[PDB]
Every structure is written in C-alpha cells, then in structure tokens.
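**Q** Just so you know, the first sequence maps onto residues 13 to 97, 158 to 227 in PDB author numbering. Note that beta-carbon positions come from the ideal geometry of N, C-alpha and C, so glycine has one too.
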Amino acid sequence: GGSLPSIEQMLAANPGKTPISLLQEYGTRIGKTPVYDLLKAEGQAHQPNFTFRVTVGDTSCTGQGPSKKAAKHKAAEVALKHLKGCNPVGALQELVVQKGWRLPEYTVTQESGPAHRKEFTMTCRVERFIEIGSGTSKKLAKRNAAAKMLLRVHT
RNA sequence: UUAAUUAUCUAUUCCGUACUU
RNA sequence: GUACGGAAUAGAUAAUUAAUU
C-alpha cells in the first residue's frame, strides 16, 4: 500500500499512461475531477485541428493536436503543472504501378499477446520484392513495412 | 473501374488503469 | 455504477494521392 499521496509521486510511478487517465486518479485524492470540454473541431480530413480544455477545481487549461486523442492528451498535461504549483504506403503504390508491376498486397505474420499493449508484424508484397515491418496496429505495421520496401524497390 | 492515405461519429468484441457499490 | 486509455471487426460522413477508362 502507501500513504500521503502526491502529484509528484505519479511521475515516478506510472508516467507511461496518458495524463488524461492519470490526472483523474489524482482527482480522487483531492475530491476534484478533471472535466473535459472540446473547444475546437475543424479542418480537412488530412490536417484537422482539435482543442481540449480540462477543469480541476479552481483551475482550467487547454491543449491541441491533429486528433481528438492528441488534443485531450496535451490539455491534461498542462493541468498537472498548475496542480504542482510523406505517406510511404502511397509513395510505394505510386512506384509499383509506374514500374508496370501488379498492385501491392499486405499480410500479417505475427502479433503480440496482451491486447492493451498489442503489436503486429506485417509483410509487403510486390511482383518480385517482399519486405517486412511492424507496429502497434495492422495499419502501422504495413506503414513500416512499406517504408523499408521503398528502399528495396527504389534505385 | 481498381489501389492507397487521413480525420470524426455510432455499434460490437478484447484488454489495461482509477474511483464507487 | 462512473471516468480515462490501447487493439480488432462492422456501418455512416469527409478530404487527399496514384493507375486505368
């Protein structure tokens, strides 16, 4: 167990999780709760812009990012401080089609065990070339495999 | 006609963390 | 019962790129 909790102690004990999930764990000790408000949601489906605000007791702060996840993450990170007071897949497809080859293909060969810390290994396939990559999602794994493949097919 | 990328929402499944009964 | 977080599947919306017609 433990005693006399503090916001300085979480940074040494579990800084690996989001400040969103971590800031509410601190809220329970002080009786406060981090309320989340979306300040902004606009832009094209290629480079949009998001804003979050978090409120903990008599204080509130904001954060921003290219996604809903990145904007909420930065805002919780700012509250904690005051409480302490190109596409490789598309580039490869454009080459593979220009070289006269058949369209690229992707297949998973491996996966991690824990679902909360999932990982993937994916193979890229071209008319003569084959390469492998990995990532925290099947979409990220093919992106990594495409990045290594761009070095193989290109000369 | 085909392939690839990105953001948001809803539903389902799995997993992790905190609080509470 | 509540809040936050990741992965997979399905549906809806939107923008972008390449090849072909």
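1) Can you round the beta-carbon distance between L34 and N26 to whole angstroms, since I take them to be within the 8 angstroms contact cut?
2) What's the C-alpha gap between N216 and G207?
3) Count the other C-beta atoms from every protein chain shown that fall within 10 angstroms of the C-beta of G205, then say buried if there are 16 or more, exposed otherwise.
4) Indicate whether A91 and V168 have their beta-carbon atoms separated by less than 7 angstroms.
5) Straight-line CA distance for residue 242 to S18?
6) The beta strand (DSSP E) spanning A53 covers which residue range?
7) Pick helix, strand or coil for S33, following the three-state DSSP scheme.
8) How many Å lie between residue 291 and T179 at the Cα?
9) Short of 6 angstroms in beta carbon distance, which residues of its chain neighbour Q182, apart from the five on each side in sequence? Order them along the chain.
10) Going by C-alpha to C-alpha distance, which of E191, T71, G172 and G75 sits closest to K96?
11) Under the assumption that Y48 contacts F64 (Cβ atoms under 8 angstroms), give the Cβ distance between them as a whole number of angstroms.
12) What whole-angstrom Cβ distance do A57 and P160 have, given they're in contact under 8 angstroms?
13) With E177 as the anchor, note down where its beta strand (DSSP E) starts and where it stops.
14) By Cβ distance, which residues of its chain are closer than 8 angstroms to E54, with the 5 residues on each side in sequence left out?
15) Buried or exposed: where does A87 fall if 16 or more other Cβ atoms within 10 Å of its Cβ makes it buried?
16) Per DSSP, which residues does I202 bridge with? Please list them.
17) At the level of alpha carbons, what is the spacing between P46 and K80?
**A** A quick look at the data gives this:
1) 7 angstroms
2) 7 angstroms
3) buried
4) no
5) No information on residue 242 is available, as it lies outside the stretch 13 to 227 that the chain covers here.
6) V47 to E54
7) helix
8) Given a span of 13 to 227 for the chain in the structure shown, any question on residue 291 remains unanswerable.
9) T193
10) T71
11) 6 angstroms
12) Not a contact, Cβ separation roughly 19 angstroms.
13) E177 to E183
14) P60 and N61
15) buried
16) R197
17) 17 angstroms
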